[PDB]
Amino acid sequence: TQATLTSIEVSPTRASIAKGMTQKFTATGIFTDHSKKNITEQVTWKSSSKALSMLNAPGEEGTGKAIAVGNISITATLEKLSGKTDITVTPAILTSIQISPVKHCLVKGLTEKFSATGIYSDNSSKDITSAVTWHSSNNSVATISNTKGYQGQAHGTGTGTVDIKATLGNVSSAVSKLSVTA
Ligand SMILES: [Ca+2]
Ligand SMILES: [Cl-]
Ligand SMILES: [K+]
Ligand SMILES: [K+]
Ligand code: NA
Ligand code: NA
Ligand code: NA
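The record lists X-ray crystallography as the method behind this PDB entry and 1.87 Å as its resolution.

What follows is the structure in structure tokens.
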């Protein structure tokens, strides 16, 4: 309380966040006694553009939400002093994969086309059937192709049940239970 505030630093200094994701900013107060203090909950936060929304709800103080791709300047203000930083919003990232059909009954000797829908960090979606790698837990029940022009093509090779899944980098679809009948 004896110390006067002399500066505000906002961290991080450079950062990238995917569209639809969020970032917690920190406001660090610098004082005449050379102490540093977390003043994130005390400062006034603002953003230079709609592309990053500073969240207003209690407990969200200093949280920015990526609305649109671009460059945004962020400011923390207290006692007419301001600290600033820059953030970059990058394109939405793959967060989940939904495969269809969710379950299926296939007659042996027939072929069924599975599709993979990528769900992104802004909850946009895309057909990524040809981009994913398709997997079968048991080729003796069904095979599934990754061959160009046949991606997601599942062929009933024998009776039973099998797990079908799609993967793309570190993202994996839910398992689809494929039953093959005679
Ligand atoms: Ca900074
Ligand atoms: Cl940046
Ligand atoms: K806003
Ligand atoms: K997933
Ligand atoms: Na600003
Ligand atoms: Na915008
Ligand atoms: Na069989």
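What follows picks up the thread again.
With that settled, the discussion passes to the environment of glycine 83. Within the secondary structure layout, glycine 83 lies in strand β10 (residues 81-90). Through-space distance from the C-alpha of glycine 83 to that of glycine 109 is 67 Å; in sequence the pair is 26 residues apart. Apart from residues lying up to four places away in sequence, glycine 83 is in contact with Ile8, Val10, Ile74, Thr75 and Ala76.

Here the calcium ion (ligand 1) is held by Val10 (O), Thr13 (OG1) and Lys84 (O), and the distances to it run 2.6 to 3.0 Å. Classification of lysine 84 by relative accessible area gives exposed; the value is 60%.

Turning our eyes to something else, we now look at the domain arrangement of the protein chain. As assigned here, the protein chain comprises domain 1 (5-90) and domain 2 (94-180). Spacing between the C-alpha centres of domain 1 and domain 2 amounts to 42 Å.

Before going further, it helps to examine the UniProt feature "binding site: Ca(2+)" (unreviewed entry) in the protein chain. On the UniProt side, "binding site: Ca(2+)" (unreviewed entry) is annotated at positions that read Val10 here. Counting through the fold element by element, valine 10 comes out in strand β1 (residues 5-11). Beyond its immediate sequence surroundings of up to four residues, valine 10 is in contact with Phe25, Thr26, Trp45, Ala76, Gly83, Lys84 and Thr85.

The next point concerns the sheet that holds strand β3 (residues 22-24). Strand order in the open sheet formed by three strands is β3-β8-β7, with antiparallel pairing between adjacent strands. On the outer flanks of this sheet lie β3 and β7 (52-54), each paired with one strand and no other. Neighbour to neighbour, the strand axes of the sheet diverge by 25° on average, direction disregarded. As defined by bridge partners, β7 adjoins strand β8 (residues 63-66) across three bridges and the pair is classed as antiparallel. Its bridge partner being in β8, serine 53 is matched across the sheet by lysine 65.

Analysis parameters
Sequence positions in this view are assigned from 1 along each chain in the order the sequence is written. Entry numbering can differ, and residues without coordinates are absent from the display. Written order decides the labels, with chains lettered from A and ligands numbered from 1. Side-chain descriptors were evaluated using all non-hydrogen atoms of the structure, hydrogens and water having been removed beforehand. By definition, any uninterrupted DSSP run of H or I lasting at least four residues is a helix, any uninterrupted run of E lasting at least two residues is a strand, and each is numbered from the N terminus. When checking whether two residues touch, look at their non-hydrogen atoms; a contact exists if any pair is within 4.5 Å. Coordination here is defined by N, O and S atoms within 2.8 Å of the metal (3.2 Å for Na, K and Ca), and since water is not considered, a site can look incomplete. Burial classes: relative accessible area under 20% of the type maximum marks a residue as buried, over 50% as exposed, and values in between as partly exposed (1.4 Å probe, protein chains only). Where each domain begins and ends follows an automated or database-derived domain assignment. UniProt positions are given in the numbering used here, feature names are shortened, and annotations may be inferred rather than shown by experiment. Two strands qualify as a pair provided that DSSP identifies no fewer than 2 bridges between them. Fitted lines through C-alpha atoms give the axes, limited to the stretch in contact for helices. The angle between two N-to-C directions lies from 0 to 180 degrees.

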